[PDB]
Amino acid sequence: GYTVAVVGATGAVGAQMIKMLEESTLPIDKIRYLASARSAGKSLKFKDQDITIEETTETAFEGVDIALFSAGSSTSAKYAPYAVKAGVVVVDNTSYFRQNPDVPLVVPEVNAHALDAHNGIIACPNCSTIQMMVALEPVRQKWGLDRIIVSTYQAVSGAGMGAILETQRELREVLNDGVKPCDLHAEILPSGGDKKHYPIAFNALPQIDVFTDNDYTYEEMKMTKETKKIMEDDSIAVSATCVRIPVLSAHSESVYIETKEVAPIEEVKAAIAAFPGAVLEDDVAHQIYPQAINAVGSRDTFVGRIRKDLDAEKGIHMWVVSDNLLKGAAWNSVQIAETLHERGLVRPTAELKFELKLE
């Protein structure tokens, strides 16, 4: 079996990494939980076992076979290259390594083939990108993709445990204390790192991550760039609007595509139904469509409201929902580790291709 380390074990994604590993088929001989100095020495369960949390350091990875990182980009930048140097295979949930040509950016149902040539780091894409890829890959395979326009409806757990707590607190102040949403004080959302913070309670914030120099946010540009890499087609036009709404878990997306060939809607429904990891929930006569509250706790990606554009011959609209902590993060990561195991790819990488940041 394997020694598996979870880096960022105490966070929103980490708690789901634990759950997904507890439910995994991976043969695990030893579990280690790593986080910051803040959590070092505390205890968390793995099944019935008590695991002492360790501070993440450059020397923490000896004997580790697989390390799952979900502790922020700076933590992956600082420590994943040392883990690789030590002989680990890293599955990274952060954005840091996603666009590195030496790093596979993987959704196992879409581009598992990319895992074979890994160099010790496999990156999980952005949560909003992953579920979109599950929905759209079966369509691309049969009718091609020319462009995508997507507007997202993103849950706050996307921004971490602090953001969940902020949202719950804000809602309680409004609903129990009678505070006006405009009078709420926020510390984290829309973006922990940015300069100004706004209430999410009873609001919709059209900012996820920070702004880039083209006036799209980093979240929007990640959807664009990650789609192109995952589908191995730079010619797919993708523009996004990413919005935070008052949902704790599960992202929803209004997705418009134009295909290369006309894709009959009944065939599109069938293709998605048949695609691993995607579930068709589309029966408007009985008001059946994906819903965030129904998707929570499931590894599947749910697709419905599928219909042709009213004017563009090759245009199709749909609604895509998945638990952003599961398929959008921890489940994609554990699924990657399981796929690495299936393919005999859990072993050290001889040549280091990633800069060491702590020399």
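Start at 1 and count along the sequence shown; that's the residue number. Note that the rigid core is defined as the largest set of C-alphas that superpose within 1.5 Å between two forms.
Across the superposed structures in 8 other deposited structures of this protein, aligned by the core, the stretch whose Cα atoms lie more distant on average is 34-42, chosen from 34-42 and 291-299. Core superposition of the other structures onto this form places the C-alphas of 50-58 farther off in 8 other deposited structures of this protein than those of the other stretch among 50-58 and 303-311. Just going by the entry, 251-259 versus 162-170 on mean CA temperature factor gives the higher value to 162-170. When the C-alpha B-factors of 79-87 and 242-250 are averaged, 79-87 comes out higher. Remark: of 67, 320, 44, 329, 44 shows the highest value [criterion: C-alpha B-factor in the PDB entry]. For the set 227, 151, 131, 235, the maximum C-alpha B-factor listed in the entry falls on 235. Among the modelled residues of its chain, residue 335 has a C-alpha B-factor that falls in the lowest third according to the deposited record. Among all modelled residues in its chain, residue 291 ranks in the lowest third by Cα B-factor. Residue 220: CA B factor in the lowest third of modelled residues in this chain (values from the PDB entry). The PDB entry assigns residue 349 a C-alpha temperature factor belonging to the highest third of its chain's modelled residues. Ranked by C-alpha B-factor against the other modelled residues of its chain, residue 302 falls in the lowest third.
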